[PDB]
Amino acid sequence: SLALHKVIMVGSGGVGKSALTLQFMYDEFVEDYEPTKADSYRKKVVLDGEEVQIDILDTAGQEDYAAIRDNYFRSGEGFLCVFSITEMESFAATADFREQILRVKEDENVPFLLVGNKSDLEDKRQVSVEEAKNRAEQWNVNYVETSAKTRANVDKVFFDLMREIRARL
């Protein structure tokens, strides 16, 4: 009887998909989570006063068979597209995840946030706020910077994505 919001974490390696997920789920910064391990998490949460369930698929890039990975995308209702602000190549990689999602969901308004993680490493920044905001503007998505280490904006990205799912679906 509860809304079930199906969230999928995407992004290239080491950007913080798992750390964000585990901070959200378990209030812990986890620094050694197996890079090849994908997992699903489910939690009851109160979204704007409504009890809902969030399901998070923390993807780990291991499924290379395109039909299978497209099936995983098709199941998702919203996407956190994560890059690390400290790795420009991970920002460049977001374009591919966007295209993969769009090919399957066929809706440019699919619930989607662009997430610049590792905001606590400003001294290592390789991706400017300006360029990330410009990309988000091009895609008509919001850009949020997070830190799985300090928990900055972690609840925000999950809740705001659920708000998009709620509004759009």
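Heads up, when I say rigid core I mean the largest set of C-alphas that superpose within 1.5 Å between the two forms. In this text, residue numbers run from 1 along the sequence as written.
Enquirer: Between 63-71 and 34-42, pick out the one whose C-alpha positions differ more from the shown form in 7 other deposited structures of this protein, using the rigid core for superposition.
Expert: Most displaced of the pair in 7 other deposited structures of this protein: 63-71.
Enquirer: So, in 7 other deposited structures of this protein, taking the root mean square over structures and residues of the Cα distances after a rigid core fit: is 120-128 or 54-62 the more displaced stretch?
Expert: When 120-128 and 54-62 are compared in 7 other deposited structures of this protein, 54-62 lies farther out.
Enquirer: Look over 84-92 and 70-78 in the entry and identify the one with the greater average Cα temperature factor.
Expert: On average, C-alpha B-factors are higher across 70-78.
Enquirer: Look up the CA B-factors in the entry and say which stretch, 44-52 or 117-125, has the higher mean.
Expert: Here the higher of the two C-alpha B-factor means belongs to 44-52.
Enquirer: Checking the record values for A136, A38, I101, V144, which has the greatest CA B factor?
Expert: Of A136, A38, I101, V144, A38 has the highest C-alpha B-factor.
Enquirer: By the recorded C-alpha temperature factor, relative to the other modelled residues in its chain, which third is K6 in?
Expert: Within its chain, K6 is a middle-third residue by C-alpha B-factor, going by the deposited values.
Enquirer: Against its chain's modelled residues, does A167's Cα B factor rank lowest, middle or highest third?
Expert: It falls in the middle third of the chain.
Enquirer: Could you look up the Cα B-factor of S18 in the entry and say which third of the chain it sits in: lowest, middle or highest?
Expert: According to the entry, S18 has a C-alpha B-factor in the chain's middle third.
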